[PDB]
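Enquirer: my complex, part one, positions kept as in the full thing:
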Amino acid sequence: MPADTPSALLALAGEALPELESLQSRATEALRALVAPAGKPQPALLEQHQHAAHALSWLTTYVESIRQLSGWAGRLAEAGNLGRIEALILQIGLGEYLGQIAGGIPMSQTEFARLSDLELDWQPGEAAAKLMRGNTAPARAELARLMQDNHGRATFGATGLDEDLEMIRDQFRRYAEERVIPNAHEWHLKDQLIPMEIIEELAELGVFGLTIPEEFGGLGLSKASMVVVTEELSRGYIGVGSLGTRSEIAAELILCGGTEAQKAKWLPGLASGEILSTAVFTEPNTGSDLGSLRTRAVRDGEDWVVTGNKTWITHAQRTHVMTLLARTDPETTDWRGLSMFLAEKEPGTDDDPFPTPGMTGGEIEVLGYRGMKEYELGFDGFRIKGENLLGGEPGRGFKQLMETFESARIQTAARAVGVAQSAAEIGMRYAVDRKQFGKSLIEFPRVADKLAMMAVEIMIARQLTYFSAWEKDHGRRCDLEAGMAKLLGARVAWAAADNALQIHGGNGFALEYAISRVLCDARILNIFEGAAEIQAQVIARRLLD
C-alpha cells in the first residue's frame, strides 16, 4: 500500500500541489471575469454567480486542506513520528479530497462545488492521479483497525503539536472526563443550565483568562493553547467549550478596542470568571446582515438609553455584561452608524432572569440541549453609562467587532473539531461493543468506513485549525485560513454526528445515548456564529482581491 512508504507519499503530494494551486488560480480568474468584468466586483453579478463564487471558496478550502495535511505529515516525518495510522490518514485524505476536487465537493448535501461550475477542466498529472486512487478498501479497513487499537491516545493520529500543548490537552481531557461527560445527560434531562460549579472550576483553572495578558490577570497563553482547551471542553459538551470562547472573544474585543481605563476595569474580572459575558448582536429581523441592525442607543446627558429587540442570545440570564451592538447615528442604515457597548447588567435567577430596569426577556425552546440557554431580549430605555461605550468614540463598533473575527472563526473550528471527535469516539465505542450477525459492527465495512472517514476528516479540519492559530500566534493576517477551518470543520462535525448515529441504529435516537444530543450540537455549528453561506461569501470576496 502507498502508506508503506510514507516518504514517497509525501514526495508525490509535493509534486501534485502546484497543479492544484494553478487550478485555484484559474478558478479565481474565471470568477473575476464573471463578477468583476470591468475590474470592480458588481453586487448583482456576485449574487447571480453565488454558486460559482462559493465553489471557489470550497475548492480553495480543499487545496489548503491538502497543503496542511501534507505539511502535518511532513513535520511528523522530520520528527520520526509519521507512523502507520498517520500515513494511512494521509493516503486516504489525499485520495478522497483529490477525488472530490475532480468529482464534486459537498457544500451541503445537495450542492456540489464542481470544476464545471466555473467552466474549468483538470487533467490530473501523474502524481495527482496516483494519489487520487488512495482511498481504498484495504486502507480504510486498516485505519479502522488501528483506531480500535488506539487505546491510550487522545486523537486518531498524532497531531504534531508540541509537548506543552499536548499536556494542556491531557489536562482538559481529564477535566471533561471527570466533570462534564458523566453529567451532561443529567443536565439535559433536567433542562438545566451548566452548573455554576463547573464555571467556578474552569475559572480556577484559568480558562476564562487563558489568552488575556498577565498584566490583566490572565495566563498570557497562545491562541493554539486556547484551541486545544476548547477542543477538549467541547468534546465533553459544546456549551462548556463555548463558556471559554465567550470570555476569550469579549476580552479580545476590549483589548483591541477599549480605552486603557476599560481594559483595567473589565479584563481582570473576565480573566477570573467574576465577570461573565455574552454577545448581544442578533435581532428578530437582522442576523446575517448585522450592519443593518435596528436597536438604537440615544444620548441622555453623558450616558446612553437603548431600545430594541435582540434574540438568539446565549447565556443571557447569568451574565454580568453584554457586548451590545447598537445604532448611535439615526441617519444611517449601515455598519457605519454602529457603536459597541459594554452593557453591564445584574445577573438574574430562574424566576427573575432580567431584573435590570429597561430589560425583559424569555428563554427560546431549542432543539437539543443548550446548556447556557438562548433568549429573546427586549430593551426599553435600558441605560448604559457613557464610560461603557467601547473605545469612547461612537461609530467604531463594527470595526471593533471585525477585529475579533479571526479568533471567533478559529474558536468555532475548534468547537467543531471537539464535537466531531466526540461523535467519532461514541461511534467507535458502539461499533465495537454492539454485536449483530455474530460479530461486532466494526467488522462491516459500512461501519468501519464511516469511522475511518471521520478520523481522516477530523485530522484535516484539525490541521487547518492549527495552521490558522499558528498564523494568528505570529501576528499574521489569517482571516481566510480561519474562515476555511470554520467552513470545513462545521461540515465535518455534522457528517461525523450523522454517521455515528447511523452506527447506533434505533438506539441513536434514544436520549439515553449521547449521540442524539451530539447530533443537535453538531448541527448548530454552521449557523450559530454565522451561516456557512455567508462564510463562503466572505472567503470568495477576499480571494478576488
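Expert: Looks like it arrived, so ask away. Numbering: from 1, shown residues only, chains lettered A, B, ... in the order given.
Enquirer: tell me where the stretch 51-200 of chain A has strands.
Expert: Secondary structure of the stretch 51-200 of chain A (DSSP state E, counting those that start in this stretch): strands located at A:105-106, A:112-113.
Enquirer: TSV for these, including mean neighbour count and distance to residue A:542?
Expert: (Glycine included, C-beta is placed from N, CA and C.) TSV is the format used below for the strands of the stretch 51-200 of chain A (neighbours: other CB atoms under 10 Å; distance: least, CB to CB, whole Å):
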stretch	mean neighbour count	distance to residue A:542
strand A:105-106	17	19
strand A:112-113	21	17
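Enquirer: out of these, which gets nearest to residue A:516?
Expert: Of all the strands of the stretch 51-200 of chain A, strand A:105-106 sits nearest to residue A:516, with 23.6 Å by CB to CB.
Enquirer: distance from the chain centre to that closest one, please.
Expert: 19 Å (CA atoms, centre = their mean, to the nearest Å).
Enquirer: tell me which of the strands of the stretch 51-200 of chain A lies nearest to residue A:518.
Expert: Here strand A:105-106 is closest among the strands of the stretch 51-200 of chain A (CB to CB), at 20.3 Å.
Enquirer: what strands flank that closest one, and is each parallel or antiparallel?
Expert: According to DSSP bridges, strand A:105-106 forms sheet pairs with strand A:112-113 (antiparallel).
Enquirer: hang on, residue A:533 in a helix?
Expert: Yes: applying DSSP: H, G, I helix; E, B strand; the rest coil, one finds residue A:533 inside a helix.
Enquirer: hang on, it packs against residue A:53?
Expert: No: contact criterion CB atoms under 8 Å: residue A:533 and residue A:53 do not qualify, at 10.5 Å.
Enquirer: for these two, indicate the residue with more neighbours.
Expert: Counted by other CB atoms under 10 Å, residue A:533 and residue A:53 do not tie: residue A:53 has more neighbours, with 25 against 15.
Enquirer: that one is in contact with residue A:538, isn't it?
Expert: No: with contacts counted by CB under 8 Å, residue A:53 stays clear of residue A:538, the gap being 10.5 Å.
Enquirer: residue A:112 touches residue A:59, doesn't it?
Expert: No: contact criterion CB under 8 Å: residue A:112 and residue A:59 do not qualify, at 11.1 Å.
Enquirer: give me the common contacts of those two.
Expert: Taking CB atoms under 8 Å, 6 or more residues apart in numbering as the contact rule, residue A:112 and residue A:59 both touch residue A:105.
Enquirer: out of the strands of the stretch 51-200 of chain A, nearest to residue A:45?
Expert: strand A:112-113 (18.6 Å).
Enquirer: the closest one: how far from the chain's middle?
Expert: Counting by CA atoms, centre = their mean, strand A:112-113 is centred 21 Å from the centre of its parent chain.
Enquirer: kindly incorporate the sequence below as chain B:
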Amino acid sequence: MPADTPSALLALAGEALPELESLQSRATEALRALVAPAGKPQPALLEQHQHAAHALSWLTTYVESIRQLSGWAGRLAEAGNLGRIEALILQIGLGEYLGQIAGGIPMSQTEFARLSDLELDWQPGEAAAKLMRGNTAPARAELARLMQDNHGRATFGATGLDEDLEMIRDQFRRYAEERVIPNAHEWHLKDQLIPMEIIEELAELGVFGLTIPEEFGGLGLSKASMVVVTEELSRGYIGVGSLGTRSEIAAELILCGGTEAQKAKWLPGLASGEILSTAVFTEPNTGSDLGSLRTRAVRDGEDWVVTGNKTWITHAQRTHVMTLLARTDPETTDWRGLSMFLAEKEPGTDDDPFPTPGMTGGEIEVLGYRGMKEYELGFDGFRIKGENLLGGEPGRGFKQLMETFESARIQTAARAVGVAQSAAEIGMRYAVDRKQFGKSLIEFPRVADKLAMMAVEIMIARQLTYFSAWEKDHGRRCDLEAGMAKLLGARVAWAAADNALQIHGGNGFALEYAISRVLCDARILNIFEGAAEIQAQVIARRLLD
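Expert: Okay, chain B now, added to the rest:
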C-alpha cells in the same frame, strides 16, 4: 436546433440510457467476479467488498431513477403536459444524477459510490455528456421562480398520476392542512400521543382499510392510492402517515398468510379502525439480524406462552394486536424456527399502558416528536390463543413477513416523499417571507438552489415510488424497485430537511418552527424500517442473481 427543449431533452435521454445500462451490467459482472468468483456468492467476500457491493446498489438506483424520470416526462409529453417546471426538473435531474454517476453518488455524507470502487471507467457519449451539463445556474433560478408561482398545487410539477389518484391527493392534503398541520406543535409541546380523534377521523375516511378488499369491509383501492394517502398524511406529520401504514401492512400479512377464519375475524376490524396493530419484531440485542431473535413461544395446551424482550415498538400502548415474531423451535438459531402471532392484547392508558397479564413495558425517551411513541416490552408467560398463530402452522413466520416487504418498502418511500415535500414547502415559505440584505432570501442562489434541488430530488423519488406501486398493482415482482425507492427517498428527505433548516438560520432550531421537528422525523427514515446499509445489501444480492 436548441438542445434544451423538451423534445431535445427526451431524445437525448433516450440516446444516453443504453450506455448507463451497460455501465450497470459491467458493474454487476465486476461485483460478481469479486464476491462470487466460482459462482456462489461467498459471505466473507461479500463482507470484505461491502462498499463496492453497496456502490452497485446506489449506481443501479441512479440508473433506474434516470429511467423513471425520463419515462415520467415522456408520458407527460404524450398528454401535452410537459410544461416548463417539469422540463426543468427533467433537465436539472438528468444533469445532476449523470454528474454524480461520473463523480460520486453520496451513500452517506462521507461515503461515495464511485465507478472506481468497481474499477470501472466511463467516457460519456455525446448525448450523456450534453445532458450532464444541464444543472445550470439559470435553470435552477428559473425553477425556483416557478416554484414560487405554483397556484396552491400540491406538488412542484405534475405527477403524471391519473385523475382519480389526484382527487385522493386533494382530499388527504385538505385533511392534513385542516387537522394535522395546525395541531402538531401542540401535540409536541404536550408530549402526547396523536389524539384518538385523529384516529377516528382517519378511520371514517377509510384509511385503515384503503387497500383491504371490499368483502372484508375495506375500500379495495390500489397500492398507488395508498401511496398518495400516505404521502399527504406524512406531509402533515410522519406519524399520521404511519398509522395508515401499520394497518396496510398488518392486513397484507393476514391476507397473504392467514387462514380463511383469520381473514374473516381480523380484516374487518382493521379496515374500520376498531382494531389497531403494531409490529413486534425488534429485541434489545437483535434488530437487523431478525432471524436470530430470541423471544420464545411455547405450547400450553391449545395455546402458546411467550417469554422475551422486545424494543423500539411503535404505538404499543393503544394497540389491540401485535404482529409478534417469536421462536417456536428451541433447537434453532435462524429464521426457520420463527412463527408469527396475531397477539391480541388490551389497550392501555397513560397510567397503566400494559394491563394485559404477562406483559410489561415502558416508553423510550426519543429525540423529536414521536406521536405513537416507542416502547420497551417484556413478555413473561404472555398468553396467545392457538387460533392466533398466523396460518396455523409453526415455522412460517419469516416467509409470511417477507410477503409484506414490497409494500413496506413502498410505504416507507411514500412517507419519505411526504416528509421531503413538507421540508421543501416549509423552506419555500420561509425563503419568500424572510428578508435579509433588503430582499427575500429566495433571491440568493444558495437559498434558491437548495429549494430547486429539493423539487428535483422529490420528483425523482416520487417517480421511483410510483413505478414500484405500478408494478405491484399489476401483480409483478417489485422488491428491487421498491427497495431503491426506499433507499433514495430516505436520503432525499434527510437532505431536504437539513437544507430547509439551513434556510431558516437560527430559527431553524426553535421548536416554534416546524422544521426542527421535521429534521428529526426525516432522520428516522433510513433506520426505522431497517437500516439503509441492509437495504443496500439486499439490493446488491438480488442484482447478483
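Enquirer: residues from the stretch 201-350 of chain A in reach of chain B?
Expert: With the criterion set to CB under 8 Å from any CB of the partner chain, the stretch 201-350 of chain A comes near chain B through A:282, A:285, A:286, A:287, A:288, A:289, A:292, A:311, A:312.
Enquirer: if any of those are buried, give me the PyMOL selection for them.
Expert: Filtering those down to the buried ones (16 or more other CB atoms under 10 Å in any protein chain shown) takes a single PyMOL command:
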select buried, chain A and resi 282+286+287+288+292+311+312
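Enquirer: farthest-separated two in the residues of the stretch 201-350 of chain A next to chain B?
Expert: A:292 and A:312 (16.2 Å).
Enquirer: could you check which residue of chain A lies nearest chain B?
Expert: Closest contact between chain A and chain B, by CB to the nearest CB, is at residue A:103 (2.7 Å).
Enquirer: tell me how many other residues surround the nearest residue to that residue once chain neighbours are set aside.
Expert: In space, and not counting its chain neighbours, residue A:103 is closest to residue B:103: 2.7 Å by CB to CB, 6 or more residues apart in numbering or on different chains. One way to gauge burial is a neighbour count; for residue B:103, by other CB atoms under 10 Å in any protein chain shown, it gives 21.
Enquirer: now the one 3 residues further on
Expert: For residue B:106, the count of nearby residues is 18 (other CB under 10 Å).
Enquirer: with residue A:437 instead?
Expert: Neighbour tally, residue A:437, other CB under 10 Å: 15.
Enquirer: one step back: what sits against the residue of chain A closest to chain B?
Expert: Neighbouring residues of residue A:103 by CB atoms under 8 Å, 6 or more residues apart in numbering or on different chains: A:114, B:102, B:103, B:104, B:112, B:114.
Enquirer: pull out the buried positions in stretch A:77-91.
Expert: Residues of stretch A:77-91 classed as buried by neighbour count (16+ other CB under 10 Å): A:77, A:82, A:85, A:86, A:87, A:88, A:89, A:90, A:91.
Enquirer: out of those, who's nearest residue B:398?
Expert: Taking CB to CB as the measure, residue B:398 lies nearest residue A:88 of the buried residues of stretch A:77-91, at 41.0 Å.
Enquirer: distance of that closest one from residue A:80?
Expert: 17 Å (CB to CB, to the nearest Å).
Enquirer: check residue A:116 too.
Expert: Counting by CB to CB, the gap from residue A:116 to residue A:80 is 43 Å.
Enquirer: ok, back up a step: distance to residue B:386 added to the contacts of residue A:103, as a markdown table?
Expert: Shown next, in a markdown table, are these (distance: CB to CB, whole Å):
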| residue | distance to residue B:386 |
| --- | --- |
| A:114 | 63 |
| B:102 | 59 |
| B:103 | 59 |
| B:104 | 55 |
| B:112 | 53 |
| B:114 | 55 |
